[PDB]
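Enquirer: from the sequence below, what's the structure:
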Amino acid sequence: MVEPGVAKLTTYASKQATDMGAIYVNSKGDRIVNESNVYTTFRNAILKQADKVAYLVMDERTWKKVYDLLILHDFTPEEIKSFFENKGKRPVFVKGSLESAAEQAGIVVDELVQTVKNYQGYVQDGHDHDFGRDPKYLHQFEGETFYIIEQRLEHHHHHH
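Expert: Residues are numbered from 1 along each chain as shown. The protein structure is shown below:
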């Protein structure tokens, strides 16, 4: 708790997310990296494109784990729900429909709509297109609500 105001979704939560079948996209909406292999591959995937920020797009069944693991570590509901607030800039923790969550996060809707219909299309096809993931690890985003978590770099602006 003595840490310099670390206001970011931490490693374990983004690991259990891609474990479920969640993806990382850019501010356009194209998948920069499918899996949380290592922060190096993930960070170069951010640095590969011009719009250098990631957005961990997950479903709500994924979030039931993520939200719980935060409060388990003692990252209170007040912290979590505060990243859903559009104050100063866009929400860090975003929720809603696919297009709705795109508008709130500020991602290009068309680009991620492609990315999700590509994803959900090739999952049930069995043949991936996301860096070489096996069909059995491929999982369509199940849930009415898409949670889009803005993954910025390590050092960034935080409350206090």
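Enquirer: that's a strand at residue 68, yeah?
Expert: No. Under DSSP: H, G, I helix; E, B strand; the rest coil, residue 68 sits outside any strand and is assigned helix.
Enquirer: I'd assumed residue 131 was in a helix, is it?
Expert: No. According to three-state DSSP, residue 131 belongs to no helix; its state is coil.
Enquirer: quick one: contacts for it?
Expert: Shown in contact with residue 131 (Cβ atoms under 8 Å, 6 or more residues apart in numbering): 33, 34, 35. For every residue, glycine as well, the C-beta is placed using N, CA and C.
Enquirer: mind putting these into TSV with distance to residue 151 and secondary structure?
Expert: Listed next are the contacts of residue 131 as TSV, based on distance: Cβ to Cβ, whole Å; DSSP: H, G, I helix; E, B strand; the rest coil:
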residue	distance to residue 151	secondary structure
33	10	strand
34	14	coil
35	14	coil
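Enquirer: so which residue is smack in the middle of this protein?
Expert: In the chain, the residue lying closest to the centroid (Cα atoms, centre = their mean) is residue 56, at 1.1 Å.
Enquirer: list the contacts of that residue.
Expert: Contacts of residue 56 by Cβ under 8 Å, 6+ apart are 9, 14, 17, 22, 23, 24, 148, 149, 151.
Enquirer: show me those residues that map onto helices.
Expert: Mapping the contacts of residue 56 onto helices (DSSP state H) picks out 14, 17.
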